[PDB]
Amino acid sequence: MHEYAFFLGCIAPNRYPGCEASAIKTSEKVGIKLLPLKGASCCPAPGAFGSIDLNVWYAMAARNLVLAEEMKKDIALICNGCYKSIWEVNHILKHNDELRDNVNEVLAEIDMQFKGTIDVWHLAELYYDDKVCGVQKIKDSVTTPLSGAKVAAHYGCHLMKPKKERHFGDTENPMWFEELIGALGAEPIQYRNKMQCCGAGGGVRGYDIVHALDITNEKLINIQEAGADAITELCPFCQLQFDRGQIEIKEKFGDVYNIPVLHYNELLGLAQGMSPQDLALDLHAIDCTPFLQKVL
Amino acid sequence: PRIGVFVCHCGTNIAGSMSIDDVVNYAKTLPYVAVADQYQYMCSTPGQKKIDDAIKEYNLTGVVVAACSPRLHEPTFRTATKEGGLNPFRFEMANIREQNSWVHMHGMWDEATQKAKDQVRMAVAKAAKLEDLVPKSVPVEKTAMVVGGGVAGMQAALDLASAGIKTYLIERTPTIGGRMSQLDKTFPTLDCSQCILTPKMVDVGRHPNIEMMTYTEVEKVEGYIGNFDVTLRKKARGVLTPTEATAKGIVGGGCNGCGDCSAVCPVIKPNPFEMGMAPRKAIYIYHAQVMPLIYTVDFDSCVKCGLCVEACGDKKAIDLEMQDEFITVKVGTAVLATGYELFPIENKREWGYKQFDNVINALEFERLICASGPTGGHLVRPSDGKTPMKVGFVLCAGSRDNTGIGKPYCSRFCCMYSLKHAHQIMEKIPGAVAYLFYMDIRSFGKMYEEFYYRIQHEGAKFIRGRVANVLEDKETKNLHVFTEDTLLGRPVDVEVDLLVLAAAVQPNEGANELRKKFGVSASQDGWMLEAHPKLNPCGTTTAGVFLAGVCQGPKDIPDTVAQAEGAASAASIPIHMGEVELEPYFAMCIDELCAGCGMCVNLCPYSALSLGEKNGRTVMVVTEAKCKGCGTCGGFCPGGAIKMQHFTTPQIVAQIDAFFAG
Amino acid sequence: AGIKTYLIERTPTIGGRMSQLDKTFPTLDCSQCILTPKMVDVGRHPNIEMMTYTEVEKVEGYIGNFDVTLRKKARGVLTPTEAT
Amino acid sequence: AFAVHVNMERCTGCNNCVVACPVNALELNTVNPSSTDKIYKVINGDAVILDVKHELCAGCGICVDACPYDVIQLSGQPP
Amino acid sequence: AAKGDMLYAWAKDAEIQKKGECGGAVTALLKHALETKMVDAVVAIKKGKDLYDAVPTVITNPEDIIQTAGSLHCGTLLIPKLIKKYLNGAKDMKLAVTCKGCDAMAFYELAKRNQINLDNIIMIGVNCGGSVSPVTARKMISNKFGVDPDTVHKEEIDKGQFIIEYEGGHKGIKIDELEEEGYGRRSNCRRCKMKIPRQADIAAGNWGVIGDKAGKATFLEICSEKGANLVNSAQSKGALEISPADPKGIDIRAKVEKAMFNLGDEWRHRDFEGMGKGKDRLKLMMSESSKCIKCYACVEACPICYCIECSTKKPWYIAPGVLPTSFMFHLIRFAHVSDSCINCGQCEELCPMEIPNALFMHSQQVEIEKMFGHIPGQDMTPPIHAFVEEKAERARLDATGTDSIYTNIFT
Amino acid sequence: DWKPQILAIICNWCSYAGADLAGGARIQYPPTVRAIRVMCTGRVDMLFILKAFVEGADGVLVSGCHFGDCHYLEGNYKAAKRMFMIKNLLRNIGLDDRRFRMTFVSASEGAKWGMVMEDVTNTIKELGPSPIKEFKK
Ligand SMILES: Cc1cc2nc3c(=O)[nH]c(=O)nc-3n(C[C@H](O)[C@H](O)[C@H](O)COP(=O)(O)OP(=O)(O)OC[C@H]3O[C@@H](n4cnc5c(N)ncnc54)[C@H](O)[C@@H]3O)c2cc1C
Ligand SMILES: Cc1cc2nc3c(=O)[nH]c(=O)nc-3n(C[C@H](O)[C@H](O)[C@H](O)COP(=O)(O)OP(=O)(O)OC[C@H]3O[C@@H](n4cnc5c(N)ncnc54)[C@H](O)[C@@H]3O)c2cc1C
Ligand SMILES: Cc1cc2nc3c(=O)[nH]c(=O)nc-3n(C[C@H](O)[C@H](O)[C@H](O)COP(=O)(O)OP(=O)(O)OC[C@H]3O[C@@H](n4cnc5c(N)ncnc54)[C@H](O)[C@@H]3O)c2cc1C
Ligand code: SF4
Ligand code: SF4
Ligand code: SF4
Ligand code: SF4
Ligand code: SF4
Ligand code: SF4
Ligand code: SF4
Ligand code: SF4
Ligand code: SF4
Ligand code: SF4
Ligand code: SF4
Ligand code: SF4
Ligand code: FES
């Protein structure tokens, strides 16, 4: 049973707690142990806080990293934006000496040092790796087939891009996340421009809601045209956009889709037999009941 | 010994960094120095006259010139030393310009003067110990080899043969011609490529002075400028030419190219000439215009069914049990003309080359548009066989790219061939529109700008924007090309029926292996390197090897042919003379110091060293022709039994001692 | 290659435009430094009849024999050979 | 020489994959046993395949047909 | 009997078996080879005078090898360089040579450099626990043992102590105690670790012979097919008796060999740190080497020095007449020999000026060895500079993790 | 009163070309190193280096072609092995082994030649005068 510190940023615990609950339960069912991070905070959200000040972005991400450093554990994440912040600041401060120095003399005011000893992983990346739980182990753990459901994957942008800074391979047409959805028994479908941004990154969600919603609506149109019955995602930002933004699209525009948006951990819980009440699917703006009728 | 020291000013390039007067007075007070003197331009005719007059007047044993680099002006001053009654090799330079002045210009003058005095002292110390050498002259075999049967190889072979030298033309493939045989029409004159080349292919095939050896490779090369012992692998063609059949005893003949064999062969495989678009049997020719019309057998795919031999009948040209024969050929010079291949553009995933059906590259487009290709010359969509009406051309596909996937250089001809293809589609399909997504149209050659003007006049759309990514419509299989029109200032989404990628070119497959066999180095770009990038673009640093064609860097057919004839001329220079002088830097074994340990023998890359019998004692023997003067053996030998002719241990140690003299 | 050659130049010196160039793209070498070796070779070659400051008045003939008439413009100064 | 994979998560230790494998049954149940190596052995309650390098299986399907709650997947394609 | 067998061997002839230090098997094998005409001569050590004088001898009469029987512990000489100089390198005649570990290593060094013919030479190797200089042994016996040295009959290093047999009885003193007091084995013998010459054709010793044969049997290890043939021929013609060795004997032979390795390591340590570190080692080396009078005895005695004319004799390296000679003289030997020094000590012990040539050279050799991984004198592996390899050179440049040869090379 | 005496032995085909290119490009560096110019670095015997160091070179530099880019196919592998062994000898005779280094400079690296010159000068200046010059006496 591999053990990881569970970073747990802002949106999953405070808006979609079923995501974190299913994360812990399903990760324990497969051979992974997710340990609470002691006093972790907002990973300085890369858009809304990196746009303001890169130095304080570095300092806060480094503080989050040195918490798990003192814990002597590897970070595990469930958010693409949190992955950007944590993993990328870890990578930058493992190689840039003057930035290490600057962050360290900022952190020395709170009796705290960064040395760069741990690694950062996304939970879906762990589920895909073969040393850690693999696709076959996921298939083994699945107990409810979830058959006869068309499911559209949204990769997001901060997990895989830029490919010159990550290690997940092709960004033009990846299929790895489609294999994790196929392990659950749901057939993943392909839609036009599947690698498009959801529109919520960089603080655009806050600065220009209509612009962000138009970017989201382009995706929703493509997904409905494909014929999806739900949208899996690996990011609480993207889930919030696809969930709230459907309501804001219904009100600001006149478009109705009613497409449930679920984190992959929530689908994994559904596959492994967790209850909809135990997943808190009532906390989503868009009702999941048609999808539950199909897969149950 | 009596040494003369002549210090050049180089026209203030040296006098503006040091005190030439002080250097000269120090040279006068140096030991062994008979005369020290200075001049503004020692490389000029008054400078050589000054050297010669000094030699005659002062009875000089050796000459030291404190001037520019030896790599610049050894030949000049060696010839000046010869003219004057000395050996050319009683001369030594002291580089006090490119290693003293130009690097110690600013704010440091007496330091540069002291450095110059030190360099002059070391040069005088070496020259007081130099002694006479005579360059070795070696005979040159009157044959030549041309590796590559493309336009550059064929032109070089024809040029050498018509100059009268017997020539070998080695081609790995069963036919000569190269890429130009695959081209359909040629920019900017729009001539048919096969029509203009078939004449020259016939000349090569008929020339009595050319030994055309197709379907053959170069296993190994040893030797030097004089004699290159080149071993060739005659791959098992499986079919006998009439000459070989008569030699083996079949009077009725060999292969006449009737085609019955391929009419009955049941195996069907892709044709590499048609870039895989077209079928060909196990026994086959690339196209109907191949020069040796001899019908290779593909032994990796033949099932030995024996139908081909029954079809061939009394001609008995097919020998299904043939094996790779090896031949050793002695040649005087060699010309390398290996050409190029298209860079693998499936690595650029944003342009769905392998993943979308209707995305092709420019050689596949050229085969599709040729009238002798898999189609009847009709461009049709690979996805469904329908005629396109909008065609996009992605220029710079994998080129001028610093991301590590593509090539950082320009492929030279891809702007021109994309213009040609746009013209061809707009004239062959009525109402079809060509869109060129370009980033610097490069029509630099003769009539190229006029060709560009004419294409725009016929109505190709030029969108200045590098393509960002390509999406495939799920149903119509049409391709959505996304970029920005940089001049218009807006993003664009052009939906085309067919997308053509003007991919970069790279050195052919196996070219690095062949150039390592011949001893040629590579450029920064990965192409074969030339002797001097400006004034010697054909010859290489290894003597007797010359470059021709795209193998030295991408070029159009005109530039390729000019380069090929230049290489043929350079390869003919030593063959016509019949003599060639080697540089007397060889290793010479001092036998009554050699102990016969044999340990130096394995330190020679060229196998110039061996153990032999002289006066009962087993001593080492140098093949002075094979030695190249590196000095590895002579730097090894513990007993000092190997002497390096112009860089002897006493000379080098005298230089060290003079440096530490104060 | 061994053929006797005439080199006609209208100007009093060989070299051309590259003699006027200061440095050369794409390698940034000094033009005269790289060319002077070759100018010296031309000036010393026994098989080259270097005729500077000379023009071609008329040409008649064909592939076999070209009867080329040259105008040796009045240089005003004698080379050592011509002086002797 | 195929590859068998046992889903440890639902293996009950029933040992009917060990008893039914005809390569395991070679040692004690053959006249003059040829090879005495064994694919499965139930260590700590789950079936462990000692045949790590996929040299002894013969794709018989006696073990896949034997496990009561299907848990053994047989791969007929090269690993 | 076959290339790896470990045997007990003694001579059939009772007189040969008495005069052998152990069972006379080296003298029975040499006699058999000579008289059955495997070899045309035999190069062994005999006493020329008192047992402190060891004289090499080429023997062709099979009647003279009984005089060669017995081991002289004061024989500090080296045989293979004499075969190259005065026997034409054994290029035309077969020889059978009795040799210690240093003499086997020297054979292999000279055969690498093509100076002898190991196809012709047969090497009967003896175990060696150390040799004493004859004059130092005399002073040892006069002072520490309190005996007149001319009284001694035999003397041997057995069980790590120096047993002498004189008229009156026998005595014994620990060799470690003697070596602390300033006597004992030679310095290079204290540092030596080539205790059982497994590179020779036969290895004979008194280690591992236990029980009823503790002083009348030689432990033989057959180390090659040539030695197997010699032994089988001798046993069949009946000049030598063979019984398979005792497993307990083999075990304690291994243990004594291993303990000798550890002792050699300890002496290597204490000597090499005794030389100093940094500029102190340069002042030690330079001040010692300023004594050299250029007798060239070190060059003429070194097995690795095979050059017709030494570079130390070339006027552009060493000024011919300047007697307080340069440090270049010894730098030229460090450069040429230190990569393959077999620690024979001849350079140290033949120096009129008492310069620690062997100590300096071995101190450099041990870590040229742990750098390049080349053990001198074991087999036909070419010297490190006579065989350079592309892949290995890449490997050492990449291991430095650097773009040049400047640092991150040593710990 | 003291100026470092650094001696360089540079091959003709890459290090001499690189130094010439640096000069042509007008890259300045201090005037402390004087070069010898042999054909290949395979020519460099160990006794050359040791002779330099015993005459009193405060530093010695040997510059050649990159691995795989020797004009004579493999002559700098021999030089590299020789210089590794020279580094070992100088460390064990107690002279400071950082007085010696071997750099691989290509024909086009004039800037790198200038940087090598600067770094060699700096290192020898830190190290100080060689001890042989006073140990001789
Ligand atoms: C799509 C496209 C269109 C083009 N259109 C034009 C055009 O319209 N006009 C124009 O002027 N140029 C055009 N070019 C460029 C033109 O093709 C080249 O200038 C020309 O072909 C160079 O010929 P080459 O002989 O140097 O090389 P190649 O034609 O490639 O010939 C090399 C030959 O050597 C052989 N060979 C390779 N390696 C070995 C080996 N190891 N041993 C033996 N033989 C070997 C190959 O099989 C081949 O036969 C075009 C290029 C492309 C890609
Ligand atoms: C500003 C500039 C910079 C350049 N820089 C570079 C550079 O960095 N690198 C590079 O590679 N190229 C460069 N070039 C191009 C380069 O100059 C040419 O490629 C090259 O000079 C061509 O030489 P040529 O012998 O053909 O012509 P020219 O050099 O012009 O030589 C022609 C010669 O013929 C003589 N002549 C003319 N008419 C007659 C006649 N009727 N009878 C007798 N003699 C006659 C002329 O006097 C002259 O000596 C540059 C060009 C320019 C204009
Ligand atoms: C200096 C020395 C130290 C030794 N130390 C040990 C030890 O610690 N442990 C051990 O087990 N064995 C040691 N031996 C070897 C020991 O003597 C063997 O047990 C013995 O050689 C067995 O042979 P043998 O009695 O059967 O034949 P022997 O009749 O003894 O034959 C001995 C042979 O050795 C030759 N010989 C004598 N002196 C020398 C010499 N100085 N150099 C070379 N050859 C010589 C003789 O000529 C003869 O051919 C040592 C030998 C020597 C010479
Ligand atoms: S010889 Fe060199 S330094 Fe002297 S003038 Fe000519 S180019 Fe200048
Ligand atoms: S049938 Fe025979 S002669 Fe005719 S093409 Fe085939 S091989 Fe040549
Ligand atoms: S043997 Fe059969 S498969 Fe081969 S070429 Fe002849 S007909 Fe075709
Ligand atoms: S020739 Fe034109 S299309 Fe080809 S790489 Fe250069 S700029 Fe791009
Ligand atoms: S020249 Fe030197 S290395 Fe070569 S065989 Fe003679 S002694 Fe040996
Ligand atoms: S110098 Fe020596 S090693 Fe180099 S090519 Fe000549 S003989 Fe061979
Ligand atoms: S398939 Fe057959 S041989 Fe293979 S493990 Fe199962 S029962 Fe055994
Ligand atoms: S038969 Fe099935 S449940 Fe029983 S041990 Fe084997 S794999 Fe497990
Ligand atoms: S050096 Fe070693 S093998 Fe030679 S005598 Fe001394 S201890 Fe014995
Ligand atoms: S033996 Fe001693 S004194 Fe004689 S040359 Fe060698 S070091 Fe000098
Ligand atoms: S240097 Fe001295 S100790 Fe080393 S092998 Fe030579 S003689 Fe023996
Ligand atoms: S020191 Fe060197 S040169 Fe002198 S003999 Fe020994 S190996 Fe030969
Ligand atoms: S040519 Fe420079 S190192 Fe060999």
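Rules behind the numbers
Numbering of residues starts from 1 on every chain and follows the order in which that chain's sequence is written, so it may differ from the entry's own numbering; residues lacking coordinates are left out. Each chain takes a letter, starting from A, and each ligand takes a number, starting from 1, following the order in which they are written. Values throughout refer to the chains shown here, themselves only part of a larger assembly. Only hydrogens and water are removed before side-chain values are computed, so all heavy atoms of the structure are retained for them. UniProt positions are given in the numbering used here, feature names are shortened, and annotations may be inferred rather than shown by experiment. In what follows, a disulfide is any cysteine sulfur pair within 2.5 Å. Type-normalised accessible area, obtained with a 1.4 Å probe on protein chains alone, sets the label of each residue: buried when under 20%, exposed when over 50%, and partly exposed for intermediate values. Counted as salt bridges are all cases of a side-chain nitrogen of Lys or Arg within 4 Å of a carboxyl oxygen of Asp or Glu. Numbered from the N terminus, helices here are DSSP runs of H or I no shorter than four residues, and strands are runs of E no shorter than two. Throughout, a contact is declared for two residues whenever any of their heavy atoms are within 4.5 Å. Note on definitions: buried area is the accessible-area loss of two parts on being combined, 1.4 Å probe, summed for both. As used in this structure description, the phrase polar contact means that two N or O atoms lie within 3.5 Å; if the pair is within protein, one of them must be able to donate a hydrogen and the other to accept it, and residues adjacent in sequence are counted only when both atoms belong to side chains. Pairing of aromatic rings covers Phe, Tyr and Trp, the last counted by its six-membered ring, and requires centre-to-centre distances within 6.5 Å; plane angles under 30 degrees mean stacked, over 60 mean edge-to-face, and any other angle means tilted. We call a charge positioned over a ring when the NZ of a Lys or the CZ of an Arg lies within 6 Å of the ring centre and within 35 degrees of the ring normal.

The PDB entry annotates chain C as CoB--CoM heterodisulfide reductase iron-sulfur subunit A originating from Methanospirillum hungatei JF-1. This deposition appears in the PDB under the title "Formate dehydrogenase - heterodisulfide reductase - formylmethanofuran dehydrogenase complex from Methanospirillum hungatei (dimeric, composite structure)".

In the annotation of the PDB entry, chain A is listed under the name CoB--CoM heterodisulfide reductase subunit B and assigned to Methanospirillum hungatei JF-1. According to the UniProt record, the Sequence similarities (unreviewed entry) comment for chain A reads "Belongs to the HdrB family." Listed in UniProt under the heading Cofactor (unreviewed entry), the comment for chain A reads: "[4Fe-4S] cluster".

(A) The arrangement of the state of the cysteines in detail. Inspection of every chain in the model, using the stated rule, returns two disulfides over all chains. The disulfide that involves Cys192(B) links it to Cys195(B), with 2.1 Å between the sulfurs. Between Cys192(B) and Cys195(B), the S-S dihedral sits near 90°, and the bridge is therefore right-handed. Judged by relative accessible area, which is 25%, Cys192(B) ranks as partly exposed. Disulfide pairing is shown between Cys30(C) and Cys33(C); the S-S distance is 2.1 Å. Classification of the bridge connecting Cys30(C) and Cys33(C) rests on its S-S torsion, roughly 90°, and on that basis the disulfide is right-handed. In this structure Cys33(C) comes out as buried when scored by relative accessible area, which is 18%.

(B) Broad picture of the pattern of salt bridges. Throughout the structure, instances matching the rule amount to 72 salt bridges over all chains. Notably, a salt bridge pairs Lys136(B) with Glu624(B), separated by 3.6 Å at the nearest N-O pair. Of this pair, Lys136(B) sits in strand β5 (residues 136-139) while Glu624(B) sits in the loop between β33 (617-622) and α16 (632-636), placing them 488 residues apart in sequence. For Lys136(B), a relative accessible area of 25% gives the class partly exposed. Given the relative accessible area of 29%, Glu624(B) is considered partly exposed. For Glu60(C), the salt bridge is made with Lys58(C), and the minimal N-O distance between the two is 2.6 Å. Residues joined by salt bridges that share partners form a network here, namely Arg198(E), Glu221(E), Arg253(E) and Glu257(E).

(C) Up close: the interface of chain F and chain E. Across the boundary between the two partners, chain F contributes 37 residues, which contact 44 residues of chain E. The contact between chain F and chain E buries some 3,900 Å² in all, and 70% of this surface belongs to carbon and sulfur atoms. Of all residues in chain F, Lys81(F), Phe84(F) and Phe135(F) bury the most surface against chain E, accounting for 21% of the area lost on that side. If you look at where chain F meets chain E, you find one salt bridge. Here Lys112(F) and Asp403(E) are joined by a salt bridge, their closest N and O atoms 3.8 Å apart. At the junction of chain F with chain E, the criterion picks out eleven residue pairs in polar contact.

(D) Structural context of the packing of aromatic side chains. Within the structure shown, the criterion is met by 28 aromatic pairs over all chains. Ring centres of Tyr155(A) and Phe177(A) lie 5.3 Å apart, and the angle between their planes is 90°; this geometry places the pair in the edge-to-face category. With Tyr155(A) in the loop between β5 (150-154) and α8 (176-183) and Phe177(A) in helix α8, this residue pair connects regions lying 22 residues apart in the sequence. As far as the burial class goes, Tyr155(A) and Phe177(A) line up, both buried. Seen from their ring centres, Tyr340(B) and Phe413(B) are 5.7 Å apart, and the 45° between their planes marks the pair as tilted. Taken together, the residues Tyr340(B) in strand β19 (residues 340-342) and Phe413(B) in the loop between β21 (390-397) and α12 (414-428) connect sequence positions 73 residues apart. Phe413(B) shares its class with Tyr340(B); the two are buried. Taken together through their ring pairs, the aromatic side chains of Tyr83(A), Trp87(A), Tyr127(A), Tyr128(A), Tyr155(A), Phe168(A), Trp176(A), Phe177(A) and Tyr264(A) make up a single cluster. Taking NZ or CZ as reference, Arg190(E) lies 4.6 Å from the ring centre of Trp267(E), over its face.

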